[PDB]
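The chain that follows stands alone, in the form deposited in one PDB entry, written as structure tokens.
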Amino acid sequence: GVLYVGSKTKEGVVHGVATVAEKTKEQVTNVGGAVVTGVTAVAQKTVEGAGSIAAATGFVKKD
């Protein structure tokens, strides 16, 4: 169906995903999949059917 997204903004400031680490020993940073960001952000029908977004993180450390 119709999906109207109107917008009349002014001086719009947007930050998306942020991350900060410090003085750690090990570091992992996995990001993605459907990360949309912006003054007019739209994300329609990210997954349909048998599709998958397996944004996993297999941290094992098999000590």
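For every residue, the number given is its place in the sequence shown, counted from 1. Note that the rigid core is defined as the largest set of C-alphas that superpose within 1.5 Å between two forms.
Same protein, other form: the form deposited in another entry, not shown, and the subject of what follows.
A movement of the C-alpha atom of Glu11 falling short of 2 angstroms is seen between the shown form and the other one when the two forms are aligned on their rigid core. When the rigid core is held fixed, the Cα atom of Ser52 travels 2 angstroms or more between the shown form and the other one. Remark: with the core as the superposition reference, the CA shift of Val42 between the shown form and the other one stays below 2 Å. Relative to this form, the distance between the C-alpha atoms of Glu26 and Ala34 is reduced by at least 3 angstroms in that other deposited form.
In comparison with the shown form, the Cα-Cα distance of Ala41 and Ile53 increases by at least 3 angstroms in that other deposited form.
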